[PDB]
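Please read the structure below before turning to the comments.
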Amino acid sequence: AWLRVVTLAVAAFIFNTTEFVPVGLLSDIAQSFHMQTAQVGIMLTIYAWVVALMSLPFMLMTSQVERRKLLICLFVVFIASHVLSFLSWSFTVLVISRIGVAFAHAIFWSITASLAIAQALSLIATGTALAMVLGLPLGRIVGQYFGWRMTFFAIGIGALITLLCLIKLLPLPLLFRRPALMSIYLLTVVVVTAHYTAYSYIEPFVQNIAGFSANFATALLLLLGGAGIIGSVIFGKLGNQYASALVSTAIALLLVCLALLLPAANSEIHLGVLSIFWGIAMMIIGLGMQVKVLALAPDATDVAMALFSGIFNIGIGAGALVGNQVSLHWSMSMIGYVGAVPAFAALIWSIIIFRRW
Ligand SMILES: CCCCCCCCCO[C@@H]1O[C@H](CO)[C@@H](O)[C@H](O)[C@H]1O
Ligand SMILES: CCCCCCCCCO[C@@H]1O[C@H](CO)[C@@H](O)[C@H](O)[C@H]1O
């Protein structure tokens with residue numbers, strides 16, 4: 001009935017939760033491995049960049065496989081990797097485990113984007129919604145109380161319990177040429193990097209760079225959650241029209257918040273509002289892209305979305321890596337400004353292609 005989709009929604013919740021979660025566990029993991037909080041962002045780069053390389057191949061090579069059998073194996077790789085993430089003894093192994101999840105993710109996102117056949121985005125994006133506001137926060141909380149490995153194991157078990165309802169299912173190019181969208185692919189990579197230079201380390205920035213608490217951090221990851229929620233629902237209303245404007249402004253705003261990271265770093269209420277805008281910004285620039293890809297590739301959407309998935313993660317890992325370099329070579333404070341550079345260019349490029357198309 002509904003329940004064959006509802007279970008899938010929870011699956012949507014849980015796979016995003018693990019993706020986000022290590023953004024507010026970097027310090028718990030740092031303590032454990034004896035490496036600076038910035039040094040562990042490789043595990044974000046590797047995750048994304050591995051899910052970048054394989055995203056097309058994997059969903060492609062598995063196109064033959066019936067959906068129930070598919071999701072099963074998929075979820076087995078996930079659950080096992082998490083056990084290994086919990087067991088992990090070297091940061092090498094931790095990242096080996098992350099790669100294990102990467103593969104699971106790679107496959108997954110395109111299967112459900114196919115299995116999504118605004119009644120799918122409704123039940124799925126509620127999963128992804130809840131994956132932000134509960135997932136990462138509680139994820140952060142459990143890491144504080146029970147240690148990160150335990151957090152990972154938790155997910156691991158969660159994936160198992162969701163699976164037995166998934167075991168109650170029945171058995172089931174020219175795009176490069178098209179330069180309307182390859183433009184949109186470009187804007188995506190550029191803009192994402194902007195966000196993920198700063199955001200990826202919003203914890204070590206909050207604690208180490210700014211006068212603030214570990215609980216203030218955990219407060220902020222919630223605040224970017226709801227801002228994400230607000231953002232999503234702002235995009236709900238005026239989404240079919242003005243969307244080009246709404247992305248361009250959202251990038252504009254994103255420019256703003258990045259540049260104003262240290263101007264806000266001393267006001268704990270400023271971060272509070274920075275995050276409310278920042279969060280709304282991203283969600284718009286996120287949802288403006290998806291929507292504009294679906295538009296610019298009705299033919300072979302899965303492939304469009306599969307490709308789109310991969311380039312976003314390129315941008316994540318790139319973001320994460322520059323964020324790592326700034327902190328490791330220069331200083332973690334300036335990730336704000338360094339972020340705002342791609343943010344500007346994207347805001348330029350956005351308006352260029354939007355006013356072009
Ligand atoms: C793994 C995901 C696939 C990447 C496609 C991203 C779209 C951006 C355009 O790609 C172009 O392709 C050239 C090939 O040589 C590169 O020189 C150059 O960087 C780039 O302008
Ligand atoms: C200048 C007018 C035309 C704008 C065209 C889009 C601008 C793209 C900027 O390039 C980016 O520069 C970063 C430098 O660190 C790289 O990390 C990143 O991967 C790369 O893609």
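Identifiers in the structure tokens: chain A, B, ... in order shown; residue index from 1 per chain; ligand index from 1 in order shown.
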To check your reading of the model: which residues sit at most 9 Å from ligand 2 when counting only C-alpha atoms and all ligand atoms? Write the answer as JSON, numbers by chain. {"A": [186, 187, 189, 190, 193, 314, 315, 318, 319, 322, 338, 341, 342, 345, 346, 348, 349]}
Kindly compile the residues surrounding ligand 1 within 8 Å, counting only C-alpha atoms and all ligand atoms, and format them as a ChimeraX atom specification. /A:52-53,56,176,182-183,185-186,307,310-311,314
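Comparing the minimum interatomic distances between residue 218 (chain A) and each of A:144, A:240, A:17, A:350, counting only C-alpha atoms, we find that A:144 sits nearest.
Shortest separation to residue 280 (chain A) among A:45, A:55, A:249, A:36 occurs at residue A:249, atoms counted being only C-alpha atoms.
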Go through A:90, A:112, A:275, A:64 one by one, measure the shortest atom-to-atom distance of each to residue 306 (chain A) using only C-alpha atoms, and give the residue with the smallest value. A:112
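Each of A:202, A:343, A:259, A:8 was compared to residue 167 (chain A) using only C-alpha atoms, and A:8 turns out to be the nearest.
All residues of protein, DNA or RNA that reach within 12 Å of residue 87 (chain A), judged by only C-alpha atoms and not counting those fewer than 4 positions away in the chain, are residues 80, 81, 82, 83, 91, 93, 94, 95, 96, 97, 148, 149, 150, 151, 152, 153 and 156 of chain A.
Taking only C-alpha atoms into account, residue 262 (chain A) lies nearest to A:335 out of the set A:192, A:247, A:297, A:335.
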